[PDB]
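Student: Okay, handing you the structure first.
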Amino acid sequence: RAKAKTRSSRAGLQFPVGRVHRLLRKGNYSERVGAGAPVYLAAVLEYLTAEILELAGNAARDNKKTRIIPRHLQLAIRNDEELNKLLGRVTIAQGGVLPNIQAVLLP
Amino acid sequence: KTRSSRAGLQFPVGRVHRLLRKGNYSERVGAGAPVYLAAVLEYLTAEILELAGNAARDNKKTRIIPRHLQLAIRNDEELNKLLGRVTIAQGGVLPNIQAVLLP
Amino acid sequence: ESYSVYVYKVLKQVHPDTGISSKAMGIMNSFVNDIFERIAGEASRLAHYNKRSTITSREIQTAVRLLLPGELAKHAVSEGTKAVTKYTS
Amino acid sequence: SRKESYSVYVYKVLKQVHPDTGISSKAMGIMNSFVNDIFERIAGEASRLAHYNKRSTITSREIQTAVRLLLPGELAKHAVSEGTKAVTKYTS
Amino acid sequence: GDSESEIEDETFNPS
Amino acid sequence: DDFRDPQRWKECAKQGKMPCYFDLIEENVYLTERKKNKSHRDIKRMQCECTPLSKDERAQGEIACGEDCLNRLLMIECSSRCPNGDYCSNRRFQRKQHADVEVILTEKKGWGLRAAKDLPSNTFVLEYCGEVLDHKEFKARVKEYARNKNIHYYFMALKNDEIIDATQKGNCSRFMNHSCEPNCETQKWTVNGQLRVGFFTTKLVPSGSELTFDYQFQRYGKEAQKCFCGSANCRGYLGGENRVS
Amino acid sequence: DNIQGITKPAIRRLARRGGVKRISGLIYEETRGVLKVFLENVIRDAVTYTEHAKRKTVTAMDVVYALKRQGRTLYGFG
Amino acid sequence: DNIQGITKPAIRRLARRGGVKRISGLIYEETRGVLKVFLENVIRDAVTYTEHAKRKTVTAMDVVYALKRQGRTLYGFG
Amino acid sequence: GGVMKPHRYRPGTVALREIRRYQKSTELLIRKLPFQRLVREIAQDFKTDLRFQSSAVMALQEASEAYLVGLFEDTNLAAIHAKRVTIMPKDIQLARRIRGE
Amino acid sequence: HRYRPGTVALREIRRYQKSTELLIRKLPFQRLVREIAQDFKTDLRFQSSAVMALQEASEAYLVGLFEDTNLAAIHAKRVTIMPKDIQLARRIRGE
DNA sequence: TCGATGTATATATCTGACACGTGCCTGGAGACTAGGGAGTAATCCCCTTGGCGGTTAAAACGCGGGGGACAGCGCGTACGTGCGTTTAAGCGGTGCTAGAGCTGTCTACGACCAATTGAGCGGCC
DNA sequence: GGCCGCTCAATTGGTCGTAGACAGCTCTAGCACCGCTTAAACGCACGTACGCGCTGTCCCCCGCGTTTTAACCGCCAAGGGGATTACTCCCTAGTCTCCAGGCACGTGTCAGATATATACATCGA
């Protein structure tokens, strides 16, 4: 027969395509799912994941750490204005808040 | 006879059942789901219309207008909570003045 | 399509001596579609979280108790139960 | 029973954006919640767009519109480009 | 004097 | 009651025992109608939010639409649509509920008014009745009164387009004198979408006391009307030395 | 600059409906900015729905959907 | 009577994380009331989801779904 | 010869009347043409040569007026809370910030 | 040696904002959930992670409320928060 | 000018969470077809953009003046800070059995759909 | 004006398949409970920072007054664009077959938590 590589490889993505395709068909979002919807969606999800991890890794360096912890994700999200507006009503477990004191409280 | 008569309702059952299957809410729809939903929708409509009619009478008017629906929805503790994030066209607000503003 | 024809029937049953304008009717049309989508969407979530493929009267009842406030939910649930009872006999 | 996740994929992306940086199980759990949440929002919006236009198929075009409606500012521009680029490579 | 309102906002007619 | 008999009044007026005759009218009359603003429907819209008094509260004598009446606070009188209906105490002008007053001949200022009974503070006295004129009719009557050489003037500025003239027709309020230290004041009350002016006490006014208010008189005449209020704060002339158009 | 078209008394009138007894003189420029931003968000989404529908006209449903997405459902134009 | 179990220092520390420098002596009862209301709403929804699945134990997903519904969307519990 | 003038309305008392008048009524508070131009002008930054329905512009107006009404209602509470009556720009900024914008 | 009133407060703000722990004790909160839940369904049971999640949400919600409440206190040209400040914040948020 | 306590700091210790590894299911990939969704042409018509004249209301504008936004202050309560004492939250540990999660079988429920039928709109007489 | 038909969609009986409800069972997990540690919460004393009510002032926005302007009415016209019938041809769901990517469990190890004095930042007199 013929070999079989994964659609993620064909698309040049690291996030899965087959899994995204199954969730759309088995999640009752529509009667039919196009053959470009999962590829495009997987790429967008992967890009969003890379965009947040980039900021998370930088936050880890600022705190002189090697692993990413919930606090780093919280710092990364709340310090970037575009992600902030996207996740402005999301609570992250064990994440805390940003160091922030109003200018009238200290002499 | 129609299913609305069997349920003793006024709202349609066929249309509710049709929308559930056609609007992709699940793969299957049961038999009591549309009937129950239709009854709930009808009851909510009746509750709204009841308060609307009362608001119309207290304003000595015989036709429900958007302002009457607004008064009915906002002069109830729970309907306000259900429609707290909804705007009604030509509806206006409830007349109210804060107590430090009156002379 | 609209629900105007049905809204009239319900209106006369709570108030015989009244009418309704096209704008108010339009508002009621939006209200019915909104509450229908909220309940159906919530029932869809309930069915999906439980790995179910069928929306049933039970599903709607759970969605309704979640979506509507307390006292109102009690009246709504009573009407739903009564309707399904007459429908199944 | 075997259970669904995105941990391995988030790890693979992490290894690309930062070759020498780890991630804890709590953070990974957050990432799984984030991937599922964005997926549910985009798919839900695409479903809403398909239903409003009386269509039955959700295609890359609907996803593109949902993404443009859901992501704020320049983040949408980059996302849209990445999606188009991915679809192009998938077609060739 | 309220029939004037019908000119500004007409009654829905089911027929 | 002296004004209720036209024959006795007219003869007493010739004898100087009473002021000259005018048509006694119970309310302001518009000579020419004006473009009805969207505000005319206020007869309906100014629904107060007062609690309808119960049979018990009303039997006890409680004040329907009292000092806390949301319309009263805005100087608007209730219409027949008010929640308290005929029990509403905020329909003074419409129900002609004026105070008890007497017309007196003063030693040196001419005719004046005095309170007949003790009047509590913030209590309504009388409506300023007269004929409503526009700028052209107002100037025409000014040109006539100037031709007739009238000493007294009865023009009151109602609104931007409306002056009330009590020279030929009106009521007893037209005899209230000017004081720089007054005991009463005017208020632009709203009645059925129509504007009215009324006099109100600023303090308790005992019986027999002369009634006076600040005219803020727009002196247009060439000559100057002398002020006779006697108070140390006397402006010397109504409207002072400054002559306006 | 049609933003100047949202007149001084119109902003006053909206504040009056909101129950405001007295308004400062700096409220107008602020409200103009706020209104422009609000409309920009709603229009951007409505126009996006229009472009997706292959149309050129913005229907009322497009505005209702954009408003629903913003989280302010509007009843009457359905 | 467990609401008094939310001690004065706990409320103080939450306010401190929020950036509050000084707290009056009437805040504690109000905060207890607010927390009680918040928990009542979230728990009511979580319990309703629990009853639907025919289960006696409230899982973390049940609380997550309740928080998602009310617009909090807690991440970290699946 | 002079025209006496009655006492002017105490300031703000007319404002209260306007509050009642507008709160009672249900009508558009913004001029329709100026608003329609505003909708078109900003829309040109997103797509050139667009076209609008009349019901669509009405909807945008209802939402925009309702939004400002809601904003002012919440901001009024802030001005009152600061032991003030006049509304200031800082009050609107506070209201938007607490609301979450 | 004592600190001027306010200095330790500012120091506490820094350590708690810098830290990532929970501020309410676990057992008192754990009983509170069980009591409030009893009114909705008698004889319930909870997973450990489930109670934790309610705590995460409760503390995040209160912190969110206090940050916005603080803006109101500051806006009123005060520093001390008072119950009216919380009431204003909840009324503007829409509760 | 300079007391005194905390944070970040460097060093090593210590340990359980990470992360890399093997095993081997199950779900993704390739592949075929039949089917119908929607891409498209082709047409129609209806509201939309556009024109103007014309009215009169609202908006713009300019004013006096008096309400309130505001700064500064004196008072005194009340909250922060620090202590010594009290206690229960926390941990590690015990053991029980409720009930969560699962697999399996079978019953009935709903999709499908052909056929059967009336509702509501409409034209023809 | 009222009666016969159409177009649409609502309802029925049946076949068909497979989703779900019952029933059994396993073992994860939550629960109740014990005893000690040791951090936290509590009650009080104290004095300072602050919330507050009063006060005098300025300036700001109001109500009022008059003019300027273009927003509504309305009617009429051109045609851009939206809504809607047929064709077809492409894409996607579905059912089968096969195999390797991804997940659960299993060592081993190394980054952060613990432990301490060092040395520096910050706040009090």
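Just so it is clear, chain F uses Swiss-Prot numbers, and the residues here are 1452-1696, in order.
Heads up, the Cβ atoms here are built off N, Cα and C, so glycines get one too.
In case it helps, Swiss-Prot gives these features for our protein:
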type	residues	note
BINDING	F:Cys1499, F:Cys1501, F:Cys1516, F:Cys1520	Zn(2+) 1 binding site
BINDING	F:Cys1516, F:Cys1529, F:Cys1533, F:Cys1539	Zn(2+) 2 binding site
BINDING	F:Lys1560, F:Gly1561, F:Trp1562, F:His1603, F:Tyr1604, F:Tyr1605, F:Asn1628, F:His1629, F:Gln1676, F:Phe1679	S-adenosyl-L-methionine binding site
BINDING	F:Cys1631, F:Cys1678, F:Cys1680, F:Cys1685	Zn(2+) 3 binding site
DOMAIN	F:1494-1548	domain 'AWS'
DOMAIN	F:1550-1667	domain 'SET'
DOMAIN	F:1674-1690	domain 'Post-SET'
MOD_RES	F:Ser1696	phosphoserine
Student: If you count other C-beta atoms within 10 angstroms, which of the binding-site residues F:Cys1516, F:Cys1539, F:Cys1631, F:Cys1680 is the most crowded?
Tutor: F:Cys1539
Student: Taking the binding-site residues one at a time (F:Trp1562, F:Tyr1604), which has its Cβ surrounded by the most other Cβ atoms within 10 Å?
Tutor: F:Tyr1604
Student: Within 8 Å of the Cβ centre of F:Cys1631, F:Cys1678, F:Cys1680, F:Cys1685, which other residues of the chain have their Cβ, at the recorded Zn(2+) 3 site?
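Tutor: Along the chain, the qualifying residues are F:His1629, F:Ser1630, F:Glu1632, F:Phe1679, F:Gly1681, F:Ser1682, F:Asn1684, F:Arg1686, F:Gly1687.
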Student: Could you tell me the C-alpha distance between F:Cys1631 (Zn(2+) 3 binding site) and the residue listed as 'phosphoserine' in angstrom, no decimals?
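Tutor: Approximately 22 Å lies between the Cα of F:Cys1631 (Zn(2+) 3 binding site) and that of the residue listed as 'phosphoserine'.
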Student: For the C-alpha pair, I'd like the distance in angstrom between F:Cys1539 (Zn(2+) 2 binding site) and F:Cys1501 (Zn(2+) 1 binding site), rounded off.
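Tutor: So the alpha carbons of F:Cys1539 (Zn(2+) 2 binding site) and F:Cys1501 (Zn(2+) 1 binding site) sit roughly 10 Å from each other.
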Student: Check each of the recorded positions F:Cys1499, F:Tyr1604, F:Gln1676, F:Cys1680, F:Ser1696 and report back the ones whose Cβ is under 8 Å from some Cβ of chain I.
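Tutor: The answer, in sequence order, is F:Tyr1604, F:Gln1676.
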Student: When DSSP is mapped onto helix/strand/coil, what comes out for F:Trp1562 (S-adenosyl-L-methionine binding site)?
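Tutor: DSSP call for F:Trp1562 (S-adenosyl-L-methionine binding site): strand.
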Student: Identify, in sequence order, the residues in the chain of F:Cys1501 (Zn(2+) 1 binding site) that are 6 or more apart from it along the sequence and have a CB within less than 8 Å of its CB; answer 'none' if there are none.
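Tutor: F:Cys1501 (Zn(2+) 1 binding site) has long-range Cβ partners F:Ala1515, F:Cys1516, F:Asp1519, F:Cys1520, F:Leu1521, F:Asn1522, F:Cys1533, F:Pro1534, F:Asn1535, F:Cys1539.
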Student: Out of these binding-site residues, F:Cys1520, F:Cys1533, F:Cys1685, which one has the fewest other C-beta atoms within 10 Å of its own C-beta?
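Tutor: Selected from the binding-site residues F:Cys1520, F:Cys1533, F:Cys1685 on minimum Cβ neighbours within 10 Å: F:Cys1685.
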Student: List the other residues in this chain whose Cβ sits within 8 Å of the Cβ centroid of the Zn(2+) 2 site residues F:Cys1516, F:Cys1529, F:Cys1533, F:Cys1539, in sequence order.
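Tutor: Once F:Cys1516, F:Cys1529, F:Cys1533, F:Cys1539 are set aside, the remaining close residues are F:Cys1499, F:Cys1501, F:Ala1515, F:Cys1520, F:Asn1522, F:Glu1528, F:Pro1534, F:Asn1535, F:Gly1536, F:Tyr1538, F:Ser1540, F:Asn1541, F:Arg1542.
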Student: Given the recorded positions F:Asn1628, F:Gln1676, F:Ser1696, which one's Cβ is surrounded by the fewest other Cβ atoms within 10 Å?
Tutor: F:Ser1696
Student: Enumerate the residues of the same chain, F:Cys1499, F:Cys1501, F:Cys1516, F:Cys1520 excluded, that satisfy the criterion Cβ within 8 A of the mean position of the Cβ atoms of the recorded Zn(2+) 1 site; list them in sequence order.
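Tutor: After dropping the recorded site residues, what remains is F:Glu1500, F:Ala1515, F:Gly1517, F:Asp1519, F:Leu1521, F:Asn1522, F:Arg1523, F:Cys1529, F:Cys1533, F:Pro1534, F:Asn1535, F:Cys1539, F:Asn1541.
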Student: Non-local Cβ contacts of F:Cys1678 (Zn(2+) 3 binding site) (under 8 Å, 6 or more apart, same chain)?
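Tutor: Once residues fewer than 6 apart are set aside, F:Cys1678 (Zn(2+) 3 binding site) is near F:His1629, F:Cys1631, F:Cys1685, F:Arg1686, F:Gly1687, F:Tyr1688, F:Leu1689.
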Student: List every residue in the same chain as F:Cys1529 (Zn(2+) 2 binding site), at least 6 positions away in sequence, whose Cβ is under 8 Å from its Cβ.
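Tutor: The list for F:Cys1529 (Zn(2+) 2 binding site) reads F:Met1497, F:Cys1499, F:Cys1516, F:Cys1520, F:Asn1522, F:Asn1535, F:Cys1539, F:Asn1541, F:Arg1542, given in order along the sequence.
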Student: Taking the Cβ of F:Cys1499 (Zn(2+) 1 binding site) as the centre, how many other Cβ atoms fall within a 10 Å radius?
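Tutor: By my count, 23.
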Student: Per DSSP, what is the residue count of the domain 'AWS' (F:1494-1548) in each of helix, strand and coil?
Tutor: 15 helix, 1 strand, 39 coil
Student: Within 10 Å of the Cβ of F:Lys1560 (S-adenosyl-L-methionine binding site), how many other Cβ atoms can be counted across all chains shown?
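Tutor: F:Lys1560 (S-adenosyl-L-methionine binding site): 14 neighbouring Cβ atoms within 10 Å.
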